[PDB]
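Chemist:
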Amino acid sequence: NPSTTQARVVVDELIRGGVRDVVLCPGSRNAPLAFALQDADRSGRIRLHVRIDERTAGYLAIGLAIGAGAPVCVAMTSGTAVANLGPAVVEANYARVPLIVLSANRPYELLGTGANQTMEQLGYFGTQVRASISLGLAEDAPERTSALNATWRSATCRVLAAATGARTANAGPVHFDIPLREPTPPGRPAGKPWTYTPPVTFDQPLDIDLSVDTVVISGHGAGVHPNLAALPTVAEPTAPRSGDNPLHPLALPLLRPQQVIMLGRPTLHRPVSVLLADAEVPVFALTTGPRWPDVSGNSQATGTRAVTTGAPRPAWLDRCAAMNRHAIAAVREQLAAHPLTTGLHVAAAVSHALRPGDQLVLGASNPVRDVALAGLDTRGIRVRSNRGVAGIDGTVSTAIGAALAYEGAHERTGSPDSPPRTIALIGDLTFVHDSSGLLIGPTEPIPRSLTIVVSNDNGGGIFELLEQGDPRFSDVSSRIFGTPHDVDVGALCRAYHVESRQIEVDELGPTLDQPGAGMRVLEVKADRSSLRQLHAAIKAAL
Amino acid sequence: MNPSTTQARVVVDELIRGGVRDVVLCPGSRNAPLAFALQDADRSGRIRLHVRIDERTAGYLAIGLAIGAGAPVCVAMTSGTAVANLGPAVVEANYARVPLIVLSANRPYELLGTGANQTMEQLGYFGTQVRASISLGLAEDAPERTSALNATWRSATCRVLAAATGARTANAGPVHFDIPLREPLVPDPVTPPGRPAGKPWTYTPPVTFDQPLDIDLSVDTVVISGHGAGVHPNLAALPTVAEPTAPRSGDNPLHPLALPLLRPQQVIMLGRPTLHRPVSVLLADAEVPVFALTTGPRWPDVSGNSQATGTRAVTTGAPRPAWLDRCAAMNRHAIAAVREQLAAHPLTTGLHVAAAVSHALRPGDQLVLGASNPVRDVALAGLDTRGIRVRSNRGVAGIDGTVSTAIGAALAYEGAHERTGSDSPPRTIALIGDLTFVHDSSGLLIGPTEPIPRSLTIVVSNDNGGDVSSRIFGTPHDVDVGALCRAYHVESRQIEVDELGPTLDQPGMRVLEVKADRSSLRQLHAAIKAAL
Amino acid sequence: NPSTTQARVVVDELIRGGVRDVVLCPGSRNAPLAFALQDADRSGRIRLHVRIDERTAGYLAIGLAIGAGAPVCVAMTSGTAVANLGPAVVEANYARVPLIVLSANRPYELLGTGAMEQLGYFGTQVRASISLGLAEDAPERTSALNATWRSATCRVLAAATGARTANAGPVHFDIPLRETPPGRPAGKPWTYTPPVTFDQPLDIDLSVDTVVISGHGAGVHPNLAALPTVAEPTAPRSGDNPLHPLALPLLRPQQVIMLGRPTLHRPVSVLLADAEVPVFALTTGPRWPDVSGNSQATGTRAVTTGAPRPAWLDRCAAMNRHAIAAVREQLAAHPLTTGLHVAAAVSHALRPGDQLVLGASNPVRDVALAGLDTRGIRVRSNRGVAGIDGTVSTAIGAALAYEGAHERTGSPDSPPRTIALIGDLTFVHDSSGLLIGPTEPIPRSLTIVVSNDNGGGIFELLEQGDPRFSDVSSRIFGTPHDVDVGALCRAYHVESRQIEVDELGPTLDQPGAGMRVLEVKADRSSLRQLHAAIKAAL
Ligand SMILES: C=C(O[C@H]1C=C[C@H]([C@@](O)(CCC(=O)O)c2sc(CCOP(=O)(O)OP(=O)(O)O)c(C)[n+]2Cc2c[nH]c(C)nc2=N)[C@@H](C(=O)O)[C@@H]1O)C(=O)O
Ligand SMILES: C=C(O[C@H]1C=C[C@H]([C@@](O)(CCC(=O)O)c2sc(CCOP(=O)(O)OP(=O)(O)O)c(C)[n+]2Cc2c[nH]c(C)nc2=N)[C@@H](C(=O)O)[C@@H]1O)C(=O)O
Ligand SMILES: O=C(O)c1cc(O)c2ccccc2c1O
Ligand SMILES: O=C(O)c1cc(O)c2ccccc2c1O
Ligand SMILES: O=C(O)c1cc(O)c2ccccc2c1O
Ligand SMILES: [Mg+2]
Ligand SMILES: [Mg+2]
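So the sequences go chain by chain: D, A and C.
Residues 2 to 184, 196 to 554 (PDB author numbering) make up the first sequence, in order.
Residues 1 to 189, 195 to 427, 429 to 472, 487 to 527, 530 to 554 (PDB author numbering) make up the second sequence, in order.
Residues 2 to 116, 120 to 183, 196 to 554 (PDB author numbering) make up the third sequence, in order.
1. Is residue 127/A near ligand 4, judged by its Cβ being under 7 Å from some heavy atom?
2. Indicate, with yes or no, if ligand 3 has a heavy atom lying under 7 Å from the CB of residue 30/C.
3. Answer yes or no: the CB of residue 95/A versus the heavy atoms of ligand 4, is any distance below 7 Å?
4. Could you check the C-alpha separation between residue 271/A and residue 225/A for me, to the nearest Å?
5. If you count every other CB in all the chains shown that lies within 10 Å of the CB of residue 23/C, and 16 or more means buried, which is it?
6. Give the secondary structure of residue 77/D by DSSP, where H, G and I count as helix, E and B as strand, and everything else as coil.
7. Taking 7 Å as the line, does the beta carbon of residue 469/C fall inside it for any heavy atom of ligand 7?
8. Please list, in chain order, the chain A residues whose beta carbon lies closer than 7 Å to that of residue 124/D.
9. What distance in whole Å lies between the Cβ atoms of residue 353/D and residue 517/D, which are believed to be in contact at a cut-off of 8 Å?
10. Report the rounded CA-to-CA distance for residue 315/D versus residue 371/D, giving the unit in angstroms.
11. Tell me, please, which residues DSSP counts as bridged to residue 314/C.
12. Would you list the one or two residues that DSSP bridges to residue 50/C?
13. Please identify, using Cβ separations under 8 Å, the residues of the stretch 212–228 of chain A that lie next to chain C, in order along the chain.
14. So, helix, strand or coil for residue 364/C, using DSSP?
15. Name the chain D residues that come within less than 8 Å of residue 111/C, Cβ to Cβ?
16. Can you give me the Cβ contacts of residue 266/A inside the same chain, cut-off strictly under 7 Å, excluding the 5 residues immediately before and after it?
17. Would you kindly check if the distance between the Cβ of residue 147/C and the Cβ of residue 291/A is under 8 Å?
18. Any heavy atom of ligand 2 closer than 7 Å to the beta-carbon of residue 438/C?
19. What do you get for residue 306/A, buried or exposed, if any count of 16 or more other CB atoms within 10 angstroms of its CB means buried?
20. Considering just the uninterrupted stretch of the alpha helix (DSSP H) at residue 225/D, what are its terminal residues?
21. Do you know whose CA, among 167/C, 177/C, 178/C, lies nearest residue 428/A's CA?
22. Rank 273/A, 332/A, 347/A by C-alpha distance to the C-alpha of residue 319/A and give the top, closest one.
23. Can you grab the Cα-Cα spacing for the pair residue 159/A / residue 151/A, in whole Å?
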């Protein structure tokens with residue numbers, strides 16, 4: 002049949018385009034390209050992942066795409082599919098993740114008259130996706146076989162190109178529809205894609221005088237700038253570090269920089285937000301994509317790289333280095349002097365235990381910030397986190413997807429060594445949010461060396477550090493911002509047959525040092541009633 | 001009073017004046033103005049606040065809080081994916097016509113495109129699924145304009161309420177109410198008043214929408230009522246194949262299995278029939294005329310031969326007594342086959358659990374059903390739904406948020422009984439499959455400070471399971501139901517089907535797990551087909 | 002062939018649904034249902050109107066619908082069709098006009114890879133977006149495919165005419181393409209939807225000093241007929257106690273009954289926004305308006321108790337006569353001719369049975385200021401968005417539909433007059449609407465009166481019209497054009513005559529060509545001073 006010939010053409014081109022992982026979910030109707038995907042899965046050409054939860058499936062694809070950079074597909078099958086994939090698609094848009102959403106519309110059926118179970122469309126597709134491409138019904142015309150193969154494969158590489166940013170340098174989600182009526197022509201030789209897109213280089217030089225007292229702030233999506241490696245740099249955990257001169261985030265208010273070089277999209281730390289908005293401080297935004305950020309409209313110029321003149325003052329370097337030391341010492345000393353265990357303690361333990369080659373997945377909220385407060389040195393490490401829109405949803409499956417993709421890349425190198433560790437640090441709310449992600453059937457791929465560390469302070473500790481955390485709200489803030497839940501984390505892990513251990517913070521390093529089951533949850537109970545005082549103590553020790 | 005605090009207090013007040021009794025709130029800092037105002041209202045008894053951690057299942061808790069007593073319910077969340085997580089519950093609320101107000105905080109729109117953390121294309125995210133997408137607008141720091149802003153804010157809130165409850169449309173559904181807020185978000189170290202006597206700012210009397218239809222009841226007629234069906238006393242005598250969520254209008258039941266063995270000459274379709282393949286087969290009969298009677302402007306195109314649509318029937322004649330006798334005999338025969346075969350069958354199936362739950366119920370109970378096999382099994386068991394309120398997310402019939410809907414339906418039902426001023431609160435019994443229960447197991451989660459249903463029992467009919489995607493159903497998931505309820509601190513017990521009736525008679531929230539077989543399920547249904 | 006059978010079925014059901022007129026334009030691809038449409042037009046079941054301009058073809062459909070209240074179709078044909086139809090569809094939404102936009106997607110072709121050209125407005129304007137689905141080659145199931153195609157067409161008409169929502173408006177109807197089964201007996205629609213009544217009573221105390229403001233889309237209320245009524249031109253009248261809009265600022269009503277959607281008169285908005293005056297909104301549809309959030313309640317009809325004070329009735333009637341007299345006396349004293357003069361002339365020349373089409377800007381406002389009595393007159397104006405675009409074709413379509421309804425009576429009398437009063441910018445905006453091929457239907461009694469003051473007169477009466485802006489406001493607000501109106505109508509072969517104000521009544525009394533343009537030169541030099549003279553006399 003032509004529909005079944007079409008499916009095998011697309012899947013073949015998708016494999017040629019670098020798609021190593023595809024996610025599906027049971028639904029009202031068959032998945033798009035399901036049979037072509039099943040054939041390729043048994044052949045090992047591609048790895049399928051099945052989940053019941055459509056929401057966690059979308060974030061599973063996010064992890065499968067950020068773990069090694071490959072485009073990943075998700076196959077919608079139901080009417081709830083658009084709604085449940087929404088959060089992952091929005092994140093894919095903002096985090097610039099190549100996420101291809103597969104659909105299978107039926108043009109012989111009625112649209113707009115009732116329950117459109119193929120697609121219940123929301124409004125987010127019009128604003129989030131890089132492209133909406135539909136293949137058109139497969140003609141029963143064997144004379145056109147040569148031509149239909151060319152256009153199907155050209156359109157499939159179009160979907161891939163839009164998803165990976167091959168020509169735009171702005172990866173993101175793409176909607177790909179392959180229509181169907183109810184109820196293999198070859199590609200290019202040597203496994204090359206039908207339409208090849210060579211490496212694209214968007215270039216936007218900016219003149220910057222480095223003799224002016226400059227601090228670098230690198231956030232999500234930041235590039236590597238070897239000509240900025242010497243500068244003091246306040247780097248977010250997901251920012252690749254260009255050099256060896258880190259500036260602690262808490263030292264920034266103890267300095268007066270005269271200009272700021274902003275790499276990527278920063279989302280963390282109020283000292284960062286205040287400095288970038290300072291009208292007396294020129295801010296140069298260097299990005300890898302067409303977008304650039306601003307705080308209060310204070311971005312003076314945008315580019316992709318810097319053409320640097322001069323060099324930083326040694327007196328400015330030495331005083332930045334000294335404040336960096338003061339902030340590092342205030343954290344470690346006040347943490348040691350603190351009686352109770354907080355998430356900041358847990359983050360410091362997780363950070364001392366990381367080894368080069370590791371993959372670190374950071375949940376939103378306090379964990380991704382605490383890891384920066386503990387001064388983690390990310391060099392030699394791959395650090396992921398859904399900074400696109402900073403949700404606490406889907407983090408478990410993002411970690412599972414990242415682990416599966418990172419390990420698959422390692423196995424592909426053919427190295428004899430153990431698959432590298434994926435270690436995740438997530439809050440307790442974040443864990444409860446995506447507990448469904450732990451349920452993985454026996455037929456489905458499971459990570460070989462993933463450890464999810466759950467710092468559990470029975471609620472959202474980050475709100476103790478905001479205006480609602482001031483003691484004048486202790487009357488009221490417990491219920492509406494603390495949100496305690498009393499969840500038995502161990503019992504939840506037992507229900508999903510996930511190896512689980514509850515340990516105290518001193519035991520975390522040793523436990524992570526010794527491998528265990530392929531997937532496991534380490535729970536370290538923490539306190540958040542002392543969190544605001546602890547941060548106040550660090551500020552007072554600065 | 002700073003602008004965000006004033007605006008949030010005006011809105012919450014007008015929402016309460018509009019009939020909102022329950023509000024679901026999920027944590028965040030951008031929606032802190034909404035949290036503080038809703039908290040005050042909860043503490044003075046104006047509303048009952050319910051806090052949840054997962055925005056998606058929290059939407060289904062609000063849906064349950066709406067279908068339980070008929071009132072509009074709002075769910076408030078911070079900006080970002082928290083809003084996007086309400087998508088599933090909005091799709092269900094759209095089709096099930098549920099007044100669900102999605103009350104989202106947002107960054108100022110001026111920040112959209114700047115790269116601000118947790119900022120996205122929020123307004124219009126839901127598209128055509130919501131009855132309206134309304135933005136309040138950023139609150140101006142302008143004291144002399146306070147009287148004016150009070151009137152615009154309150155009139156905009158009543159528009160949200162009117163679109164949600166179908167006040168003028170007769171088509172209730174979800175509404176997106178986006179509130180852009182900026183610092184200061186917390187109250188700084195008197196609220197502009199609404200109308201006197203607690204009246205809403207814009208009074209909208211519930212409308213009466215009327216489309217009479219001429220139907221001759223002499224012609225051999227069968228009535229098929231589905232979700233959203235109305236009550237039609239002039240149709241009470243007719244043989245009625247009623248979905249469990251369709252309110253009965255009389256006492257002439259027609260079993261769904263009996264319909265294909267009869268030859269009706271015309272069909273009166275009440276509401277939107279979803280459930281049974283046999284009513285689907287007859288609605289595709291293009292030679293049999295169908296009259297569609299609905300309580301709202303929408304009407305099902307399930308039948309290709311619907312001659313006319315309306316709101317009520319203007320009846321002529323009366324049904325042939327031979328025709329009434331014939332169907333009544335078909336109904337007794339179909340129900341006899343089901344009960345005879347269930348007793349002959351050796352193993353306990355989900356259909357046995359379903360029959361046991363139906364026999365246990367008494368008038369005044371509220372029955373919540375997972376929208377898969379449980380509502381299909383309870384219908385085949387011949388449940389008599391007269392006097393009991395039956396709920397089910399039949400809008401899209403997804404497995405998301407089923408536990409949260411039962412919890413929400415129970416809380417709203419109990420609260421309605423408490424305002425009667427009466429006895430112990432009425433029972434709410436939920437019957438859910440194991441796969442659906444595990445899927446929305448985190449919907450069990452109720453924080454210690456949060457309201458707990460007083461009389462909700464969740465019967466889990468555990469048969470360990472229900487294209488390449490179906491390969492996950494080749495193996496029983498083997499998920500510990502008891503460990504799940506232990507994780508969410510809910511009392512759970514494993515019991516046998518004949519214990520079920522006595523356990524339910526006993527006077530918080532508990533789960534009753536009933537192990538069941540599904541290997542013999544196909545053999546049991548075939549024995550029912552053969553006994554017909 | 003499946004698609005031609007499907008096309009005939011849909012057109013047949015559309016005709017059974019009361020569609021009498023369909024507007025098409027030559028297009029890059031074939032029109033949806035064009036072969037089925039042509040046959041129906043040849044047999045006289047439906048009347049086709051072809052234009053080249055897609056924008057004014059959309060407003061031609063607007064007129065063909067508001068002329069007799071019937072659903073009208075427009076057949077998209079090209080990649081600019083969606084962009085050109087946008088204005089009329091937005092107007093069809095806010096004015097609640099039964100507009101069915103036909104498309105024909107080709108599901109065997111690629112989407113999103115090259116050059120229907122979608123914008124963002126379809127999602128926010130239409131009542132429904134229904135796609136019929138491709139017609140399968142399956143003679144076994146013809147009978148079922150017939151019922152499915154016809155019911156879906158019934159669904160499109162129900163959304164367009166508001167047969168169940170009481171909210172007519174635009175509908176997107178798609179019938180897909182790849183490169196006759198009968199309907200119901202006695203011509204009945206396949207799925208019949210009887211008349212629906214949305215009913216929302218409101219208790220109102222008529223003893224409270226009440227005045228009625230009725231705007232676009234207002235319903236007819238017998239039990240409000242005695243009250244003073246500041247009515248808009250397009251609003252039907254329930255009784256005969258008119259209150260001049262200029263009398264409103266000199267009165268203190270204690271409550272206002274608001275009918276429909278008022279858009280005219282700054283004194284009206286001031287009253288409706290008055291926080292000490294309760295405002296009851298009575299509408300025929302689900303929507304309701306508010307000014308400054310001061311709408312106290314909404315409904316469909318009033319349940320009245322008590323009666324207005326006779327002293328209150330007398331002073332309002334007195335204020336009406338005083339405001340009427342100030343306009344007519346200041347007009348007589350004014351030396352130069354203005355649009356207000358032209359408007360007053362047009363209204364005195366109107367008879368019962370006439371159709372009056374009012375352009376936006378000053379014409380629709382001036383007609384109310386002249387105290388036109390709209391009883392017996394069908395008054396049309398695009399008040400939904402109040403654009404100055406597409407008014408020439410709206411008048412043409414309104415005249416054709418009005419005349420077509422009269423002619424179906426069979427009456428021996430000549431078709432009733434359709435008189436349109438539009439400003440000059442309005443006329444230049446939709447000038448291309450005058451170009452009609454000899455094969456296309458042309459009205460027989462349309463007269464387009466163009467009050468030409470060589471720019472936008474309404475801006476003389478606003479804040480930018482204050483003399484302190486005299487230096488700069490003429491170029492950016494007056495926008496003079498020096499267009500030879502007579503030459504342009506000559507180019508399109510339209511009968512046209514420039515006439516003076518007192519020539520208007522006599523020239524409208526005797527018919528001429530089926531379509532003609534009566535231009536009356538007018539003045540905005542003195543428009544502000546004229547309106548100051550009227551306010552001073554009040
Ligand atoms: C950091 C600040 O505020 C942020 C602090 C909290 C929330 C936040 O956005 C943080 C996200 C981030 O930037 O990483 C969080 S943390 C947070 C608590 C997480 O608790 P945890 O136990 O997992 O971690 P922790 O207790 O902090 O260790 C919540 C609820 N929320 C709100 C939220 C709601 N729903 C969804 C789907 N995603 C969400 N992010 C944000 C908000 O709600 O507006 C807020 O912008 C600040 O003002 O400086
Ligand atoms: C009436 C007031 O302000 C209005 C003043 C005029 C414009 C208006 O909207 C009025 C339309 C109406 O309500 O009838 C006009 S009058 C107007 C002048 C018409 O001149 P005319 O020669 O046809 O008539 P006139 O000379 O006044 O008799 C123009 C240009 N425009 C703007 C306009 C631009 N483009 C399109 C497609 N449609 C438009 N309506 C409106 C505006 O642009 O904001 C504005 O709402 C007021 O403040 O009371
Ligand atoms: O640099 C990036 O990766 C990046 C990513 C984004 O999603 C942005 C969204 C808005 C504005 C700027 C953005 C940006 O600079
Ligand atoms: O009767 C109802 O309540 C109802 C509700 C709906 O959500 C519908 C959706 C599509 C088609 C028909 C529908 C319908 O008849
Ligand atoms: O009464 C009408 O016809 C009408 C029409 C509209 O387009 C409206 C739009 C917004 C608000 C009220 C509206 C309204 O009352
Ligand atoms: Mg926490
Ligand atoms: Mg003019």
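All C-beta atoms in this analysis are idealised placements derived from N, C-alpha and C, irrespective of residue type, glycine included.
Modeler: Straight from the coordinates:
1. Of the heavy atoms belonging to ligand 4, none sits nearer than 7 Å to the Cβ of residue 127/A.
2. Every heavy atom of ligand 3 is 7 Å or more from the Cβ of residue 30/C, so no.
3. Yes, ligand 4 has a heavy atom inside 7 Å of this Cβ.
4. Cα to Cα, the separation comes out at about 6 Å.
5. Residue 23/C should be labelled buried.
6. Here residue 77/D sits in coil by DSSP.
7. Yes, the Cβ of residue 469/C comes within 7 Å of a heavy atom of ligand 7.
8. Neighbourhood of residue 124/D in chain A, by CB distance below 7 Å: 124, 125, 126, 127, in chain order.
9. In this structure residue 517/D touches residue 353/D by the C-beta definition: roughly 5 Å separates them, less than 8 Å.
10. Cα-Cα distance, rounded: 30 Å.
11. DSSP output for residue 314/C lists 297/C as bridge partner(s).
12. BP columns for residue 50/C point to 24/C.
13. Of all residues in the stretch 212–228 of chain A, 212, 213, 214, 215, 216, 217, 218 have a Cβ within less than 8 Å of some Cβ in chain C.
14. Annotated three-state conformation of residue 364/C is helix, per DSSP.
15. Residues of chain D passing the Cβ test: 134, 135, 136, 137, 152, 156.
16. Around residue 266/A: 335, 554.
17. A contact, by the Cβ cut-off of 8 Å.
18. Short note on residue 438/C: C-beta closer than 7 Å to some heavy atom of ligand 2.
19. Buried.
20. Residue 225/D -> no alpha helix (DSSP H), and no H or E assigned at all.
21. Residue numbering in chain A breaks between 427 and 429, and residue 428/A falls inside that break, so it has no position here.
22. Residue 273/A is the option with its Cα nearest to residue 319/A.
23. The straight-line gap separating the alpha-carbon atoms of residue 159/A and residue 151/A is approximately 12 Å.
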